[PDB]
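Shown here is one chain on its own, the form deposited in one PDB entry, set out as structure tokens.
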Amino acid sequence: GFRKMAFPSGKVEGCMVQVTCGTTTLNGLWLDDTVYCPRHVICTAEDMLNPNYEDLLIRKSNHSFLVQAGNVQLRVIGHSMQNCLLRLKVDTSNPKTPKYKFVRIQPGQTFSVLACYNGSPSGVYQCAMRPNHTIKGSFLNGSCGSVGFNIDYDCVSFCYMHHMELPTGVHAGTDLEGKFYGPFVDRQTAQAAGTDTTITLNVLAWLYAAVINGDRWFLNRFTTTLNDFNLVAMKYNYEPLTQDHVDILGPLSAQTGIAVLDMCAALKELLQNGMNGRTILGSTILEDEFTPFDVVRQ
């Protein structure tokens, strides 16, 4: 009854193109007369750990970039680098360009990903930016260049473009200015993310969704202090709850009738005693990739 939903992807699908340099092909994002794609499309197998991108790019011309928008080929009439993205200027302006902006999301926030394979969309799913700046997503081969985004109301906010999979199987990428999220670099060398944590604000939002969905089994009559709950949080690898966090859940506390600190006492008990085989909103695990705004939307 309550499930992860992704935004409708039509407005993004109309921007997906195929960019080929030499023997490497990945996805690009075509907005106005610019194609954005990861720069390592110029890198053959020098991706590790040698790539000098300035050095590899000076040796390229517009001719060395083949860009396909479906069947049509677009003529590249310029190119430049911005952080870890290539910007390819093309002669045609995308007639399907939606209203859009480039935003850098903060950890804990969610977005939809349109997974693409050589310019063609393939699936769409919801995910979140982990506190350690990775995303636990689904990016197969040929997925580089796929974008993450949020929509509201007719405006697409792009927040992520995919670059690489890490040893642990999680994913690393940039905003649409080409700056990585996290400590990572676009080079085929071993790279660790920091130790991840659970997004406490999202677990609480999701506990409200259960109550709002008629699932109260975990509630109790107790209450706890902010610091008293944060003590349990550190012992359980949850990130500390700030007071402004409590204020974000203000609307949900009023609709639910449970004060935020009461929900925290409930969460405290769930963390200490487990769930003993029952379910919350059909899940056996404390879900932390729904934001408060996500929960209000459904």
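Note that the rigid core is defined as the largest set of C-alphas that superpose within 1.5 Å between two forms. A residue's number is simply how far along the shown sequence it sits, counting from 1. Only residues modelled in both forms are compared.
This next part talks about the form deposited with a small molecule bound, which is not shown.
Contact check for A128: no non-hydrogen atom falls within 4.5 Å of the small molecule in the bound PDB entry. Under a 4.5 angstroms non-hydrogen atom cutoff, the small molecule in the bound PDB entry has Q188 among its neighbouring residues.
In the bound PDB entry, the small molecule lies farther than 4.5 Å from every heavy atom of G78.
In the bound PDB entry, at least one heavy atom of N141 sits within 4.5 Å of a heavy atom of the small molecule.
Between the small molecule and the residues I105, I212, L219, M164, the one pair within 4.5 Å by heavy atoms in the bound PDB entry involves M164. Only one of 166 to 174, 128 to 136, 204 to 212, 67 to 75 places residue heavy atoms within 4.5 angstroms of the small molecule in the bound PDB entry, namely 166 to 174. Lining up the core between this form and the one not shown shows that one residue from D47, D33, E269, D262 moves its Cα 2 Å or more, and that residue is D47. In summary, the C-alpha positions of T23 and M48 converge in the bound PDB entry, ending up at least 3 angstroms nearer each other than in this conformation.
Annotation: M48/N27 CA-CA distance shorter in the bound PDB entry than in the displayed model, change of at least 3 Å. Shifted region between this form and the one not shown (3+ consecutive residues, every CA moving 2 Å or more on the core fit): 46 to 49 alone.
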